[PDB]
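Data first, discussion second: the structure below is written as structure tokens.
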Amino acid sequence: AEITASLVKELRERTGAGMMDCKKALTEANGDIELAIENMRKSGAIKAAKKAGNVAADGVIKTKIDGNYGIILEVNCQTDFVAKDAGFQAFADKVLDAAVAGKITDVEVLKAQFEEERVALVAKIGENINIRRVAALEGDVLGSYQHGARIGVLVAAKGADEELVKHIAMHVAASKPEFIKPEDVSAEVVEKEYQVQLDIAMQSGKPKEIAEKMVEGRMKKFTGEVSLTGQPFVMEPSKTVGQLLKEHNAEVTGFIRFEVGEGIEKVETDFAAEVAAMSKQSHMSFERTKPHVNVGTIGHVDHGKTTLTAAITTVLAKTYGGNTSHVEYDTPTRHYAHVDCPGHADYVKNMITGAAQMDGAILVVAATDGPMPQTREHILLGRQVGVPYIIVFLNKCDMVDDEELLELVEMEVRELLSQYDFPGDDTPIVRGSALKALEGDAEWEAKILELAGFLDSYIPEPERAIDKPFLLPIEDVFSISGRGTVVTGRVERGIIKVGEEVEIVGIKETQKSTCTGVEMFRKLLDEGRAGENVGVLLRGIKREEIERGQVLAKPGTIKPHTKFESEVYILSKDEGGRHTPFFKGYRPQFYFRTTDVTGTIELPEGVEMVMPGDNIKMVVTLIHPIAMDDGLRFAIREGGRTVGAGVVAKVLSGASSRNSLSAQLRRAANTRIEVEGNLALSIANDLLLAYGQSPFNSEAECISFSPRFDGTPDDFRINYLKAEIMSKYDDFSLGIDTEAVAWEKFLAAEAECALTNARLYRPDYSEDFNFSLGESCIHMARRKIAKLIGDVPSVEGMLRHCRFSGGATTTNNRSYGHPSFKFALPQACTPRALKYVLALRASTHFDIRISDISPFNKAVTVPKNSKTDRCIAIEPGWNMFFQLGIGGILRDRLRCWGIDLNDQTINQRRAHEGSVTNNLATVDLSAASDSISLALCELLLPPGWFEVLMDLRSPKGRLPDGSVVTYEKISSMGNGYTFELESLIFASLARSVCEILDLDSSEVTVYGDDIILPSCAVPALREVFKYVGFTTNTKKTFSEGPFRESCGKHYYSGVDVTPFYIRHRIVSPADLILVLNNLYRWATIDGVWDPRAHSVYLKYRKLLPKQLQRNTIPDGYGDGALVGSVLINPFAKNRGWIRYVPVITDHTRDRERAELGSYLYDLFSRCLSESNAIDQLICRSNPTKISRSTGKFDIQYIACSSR
RNA sequence: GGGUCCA
RNA sequence: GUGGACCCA
Ligand SMILES: [Ca+2]
Ligand SMILES: [Ca+2]
């Protein structure tokens, strides 16, 4: 100690200056009050001056209204908590009134008039707070809306009332328009932007006034959008602001909007990789049951809470044991996850979103400065969110030469807490240092441990899920013949023993029952423990008195509620939520555990618009009861999509349309478009004409046209469309053609596998002279395969990958194709495969019944081209259960050769690269699946594998033609693994071609028989393929064009030239709407038409029912409606702030489901899943329902979004 | 149930 | 109307 401390808190409470910054300045005035302060005044600017080194990208915005002179101010700081402070408001409420009266529209004027208080402030706070900008709006009737404090707008109108300026101020806050009229545009900005585009599209070789009308149309919609005028009114997006305005009378001279910290770089901040770099700079010189406790550090930005967080880890490592960005560490007794609370809003989001709640906070203030004036906003954050327990660490105590002075800081931080109803008298407060503790100084290393001591004692052990009252969200209800009623779900809390009493509460009059049983797919047990996906048996309750969403809990544990208060976070745009604010009416659906449910909300006191990105307390009244108590998380669901998330805060008490319009559309949908002859052919031909190309003159050409592989990308795109568009059309009369050609083709693939099964058995040329590229490739192939695949199929994979999913089996048919029909009806099963079925049966109590026991499968003919059908095979369904088994273990393995079979997307970018680069080729094989002979599979696969594969295979075929085949091919499509098997066989083969050439095997990528690989291999690969069976289609394999195709995408020199197809005769408005959308998609570039096609589109649009010509949807919403603008759509019944648009569905009649098969299918899936801002967790998978498709259409209303 | 998609 | 992807109702 040096100077008396008692009258230092006097020197301080008069300023707000830091303790030690206030004591060492009283140690140079001899104990002089009014002098010690003056040393500080003229020294506090040496502080605020070394503040330019702190980015100030947070802050607030303000607006004042003097009859009709208005001013908008944006002074920013660098933290959430400061901008919502007591004193920071005071400075900007002040500096906003120096703008009103003394009308200032220069920024430098007040940035100096105040330049004192600004520095006398930061000394008080400690964050770089500069006034950032100001400007005023000169106009007649002007209004100003402010959205919280984050954003403020300024509107100067003319002829509009008290509402009309608020409202168009509210749109401005939402839609941030750069200009006011579609004409307020730098002739240059739109002169460069027209000349930048007028080449772009001329590049592809579009003709002048085509690229021109196209360019122009774009920079029409461009300026339309950025300009207030041509922006859909946000409170009625049917009409623009242009129309909103004029329609009334008025006109706005102009507007202003600032948003806090706009265009402020703000270099990013991590945490884990942040601490690890404070740790490492000094980090050099069984019992899994332990509870998991989340904590968060929350203090002043530079009271070094990043330093205290490091020590907690280097010193808890140096002692005891060993979502995104969150350091964790261990105690002998507990396991801790440590978050940082660097923003108030930001944290609240992560509390609601669920992506990091808190079991105890820890407040980090430095004794050098004591509590910061904004420290109340920290304790406040905790109070609001309700972090139950707050511990305090006093940092940098070494740097204090009087202990009496610490007793004085504690006193402060101890009272501040209790002002916010935190136990501030009995609240643990440690004195220590973080820097020192890193330096290896145990005198201070102890205080870190001490802190850890308090996490282990003060913060209470969070009640293990297992220990709370029983509760299982009902997912689906079955009526099982002689097992009564049964529900399936994941028991979320507690435990249920057989025999116990349960309530089924939720949507109707909370009912009760008693538990008859508990069972999984394998084990049937007598208790369901938390976290387990089970099925619960009930008695004395028909399965029609239970719905999904309902729960099932220990009686009185939980109760059905309708009205509650909450806090929700609304998903921003860039997180795929709304992109349009809502207001008073909002009427979304609330997803609870397992089902949506509708409700109205009521914004709190004084809000009236909400945007994507805002947290918000709101009050929610549901359509009907859900079982709920405080803490229950529920997502906000806007027909299909999640737009918001939110948690129940307090459970309160308990308090458009068009039928003969859907009727009109329904009637039309079911109408039948009708014309003379080949409507499809006609569209194709008029299209060719509209692009300047000789139309087809006979149906014979449509499927016999050869494209030219040169020409600008535009002379080609059409040529290619011309060649491919009609190719797949099943309706061509002109053909001596049949599906007998499909069989003949089938019969050849066999003659093929014949030769190659013999060829591949006889590698004894004569002597040892000559060597075959073929022979060696299968030799290299073999080894790669075996090192990748393994000895033989694990069971770990085998069982976790076997499933039913599909359609027709040998004993089921398309109608009974759904997996639950494979569980209900006994399934055939080849002899060789019987053991696996038994093995399955041997590991489950449920009857696994095998019907027939034959080696036979059914070959059939699905329509395809108009020149050939497709041959397929329907496998014995118990075979197919396991074929999908291994097919999925293969798919999974195949990912280490970087082949990823659920993403033809990677196989189609390389499609496109190879098309500019000309180094990758794309290969096409003809009948692939039909050519993979047994000989080949054996030679390449482990014998281990080649057996399971032999087992699971169907070996003989039975045809429609009554007869029989013994398969030469190891397998054909239809089989549950034939597709990965080709992938594997093909990839391996190709990589071995690569290795033989010093080529990089990384360059082989494969999907089915869509092979991509370095262009120089192709001739080797070709020669290999010829040898081992496969027959390579030169016409469609491209190792040198400007053109490559792969996985449905086609490219010419980087330009997308993928066409569209008219497969069937066009006859429904449904059918035609389709073609018109494929035409639309193929000739639009961001809603802007190529003139030449827009013509042919427009023409044919007229063939549809009037109502249906104007009923339009956005893209990515299917083909139940013409894609166009959904704001022009006159049927777009907006309803509760969310646009519902009607679309044509395929009308279906509901059908009886197989309760047991549906129920096994249910349990077998929960099994399957166990042995194998992001918040989708709150969204399960659907109850099995069945429906026969009828030939009629229906109209379904669905939810859409403006863009 | 719908559409692309490799067979 | 088998088998796979993927967006969609
Ligand atoms: Ca092919
Ligand atoms: Ca291909």
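Numbering (the numbering used here), first residue to last: 1 to 1203. The beta-carbon is built from N, C-alpha and C at its ideal position, and this holds for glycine as well.
Give me the DSSP bridge partner(s) of residue i.
{"i": "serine 1046", "result": "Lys1049"}
{"i": "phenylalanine 582", "result": "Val610"}
{"i": "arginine 493", "result": "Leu471"}
{"i": "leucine 394", "result": "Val365, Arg431"}
{"i": "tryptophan 1089", "result": "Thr1084"}
{"i": "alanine 1199", "result": "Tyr1140"}
{"i": "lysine 1106", "result": "In the DSSP output, where bridge partners are listed per residue, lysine 1106 has none listed."}
{"i": "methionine 973", "result": "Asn975"}
Suppose contacts are defined by Cβ-Cβ distances below 7 Å. Is residue i in contact with residue j by that definition?
{"i": "residue 1222", "j": "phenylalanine 821", "result": "Any answer about residue 1222 is impossible in this case: the structure gives the chain only from 1 up to 1203."}
{"i": "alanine 690", "j": "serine 1095", "result": "yes"}
{"i": "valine 502", "j": "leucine 571", "result": "no"}
{"i": "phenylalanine 732", "j": "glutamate 701", "result": "no"}
{"i": "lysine 213", "j": "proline 1091", "result": "yes"}
{"i": "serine 988", "j": "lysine 784", "result": "yes"}
{"i": "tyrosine 1117", "j": "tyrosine 1197", "result": "no"}
{"i": "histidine 326", "j": "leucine 381", "result": "no"}
{"i": "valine 392", "j": "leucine 438", "result": "no"}
{"i": "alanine 52", "j": "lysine 158", "result": "no"}
{"i": "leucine 142", "j": "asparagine 39", "result": "no"}
Would the C-beta of residue i count as close to ligand 2, meaning under 6 Å from any of its heavy atoms?
{"i": "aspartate 924", "result": "yes"}
{"i": "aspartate 847", "result": "no"}
{"i": "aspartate 1010", "result": "yes"}
List the endpoints of the continuous alpha helix (DSSP H) containing residue i.
{"i": "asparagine 294", "result": "No alpha helix (DSSP H) holds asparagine 294; the beta strand (DSSP E) holding it covers 292-299."}
{"i": "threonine 1148", "result": "First-last for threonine 1148: 1139-1151, but that is the beta strand (DSSP E), not the alpha helix (DSSP H)."}
{"i": "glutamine 883", "result": "877-893"}
{"i": "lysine 745", "result": "740-759"}
{"i": "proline 625", "result": "Careful: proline 625 lies outside any alpha helix (DSSP H), inside the beta strand (DSSP E) at 615-627."}
{"i": "residue 1274", "result": "Any answer about residue 1274 is impossible in this case: the structure gives the chain only from 1 up to 1203."}
Taking residue i as part of the beta strand (DSSP E), name the residues at either end of that continuous run.
{"i": "residue 1223", "result": "Examination of residue 1223 is not possible in this model, given that the chain is present from 1 through 1203 alone."}
{"i": "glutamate 602", "result": "599-602"}
{"i": "residue 1204", "result": "Lying before the first or after the last residue shown, residue 1204 is absent from the chain, which here runs from 1 to 1203."}
{"i": "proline 560", "result": "560-570"}
{"i": "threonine 868", "result": "Where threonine 868 is concerned, there is no enclosing beta strand (DSSP E), given that its DSSP letter is neither H nor E."}
{"i": "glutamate 138", "result": "130-138"}
{"i": "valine 965", "result": "964-966"}
{"i": "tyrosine 816", "result": "Counting along the chain, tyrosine 816 falls outside any beta strand (DSSP E), and DSSP gives it neither H nor E."}
Please indicate yes or no: does the CB of residue i lie closer than 6 Å to some heavy atom of ligand 4?
{"i": "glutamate 225", "result": "Absence of ligand 4 is noted for the structure shown, with ligand 1 and ligand 2 being the only ligands found."}
Open item on the list: Check whether the region 470-486 and the region 591-609 are in contact - that is, three or more C-beta pairs closer than 8 Å.
Closed with: yes
Open item on the list: Measuring CB atoms only, is the region 808-820 touching the region 1017-1033, in the sense that at least three cross pairs come out at less than 8 Å?
Closed with: no
Open item on the list: Does the structure place the region 15-25 close enough to the region 118-125 that three or more beta carbon pairs sit under 8 Å?
Closed with: yes
Task: Stretch-stretch touch, CB-based, cutoff 8 Å, three pairs: the region 1068-1080 with the region 1096-1107 - done: yes
Task: Stretch pair the region 873-881 + the region 943-962: three plus CB contacts closer than 8 Å - done: Judged by pairs of C-beta atoms under 8 Å, the region 873-881 touches the region 943-962, as three or more such pairs exist.
Open item on the list: Would you call the region 512-519 in contact with the region 560-570, where contact means no fewer than 3 C-beta pairs closer than 8 Å?
Closed with: no
TODO: Could you tell me whether the region 520-537 touches the region 612-622, where touching means 3 or more Cβ pairs closer than 8 Å?
DONE: no
Open item on the list: Assess contact between the region 707-719 and the region 659-669, defined as three or more Cβ pairs (one per stretch) separated by less than 8 Å. Is contact present?
Closed with: no
Open item on the list: For the region 742-750 against the region 861-877, do three or more pairs of beta-carbon atoms, one drawn from each stretch, fall closer than 8 Å, so that the two count as touching?
Closed with: yes
Open item on the list: Would you call the region 279-288 in contact with the region 441-450, where contact means no fewer than 3 C-beta pairs closer than 8 Å?
Closed with: no
TODO: Kindly confirm or deny that the region 417-431 and the region 301-309 touch, where touching means at least three C-beta pairs closer than 8 Å.
DONE: Touching, no.
Task: Segment contact flag, the region 936-945 with the region 1038-1058, C-beta cutoff 8 Å, min 3 pairs - done: no
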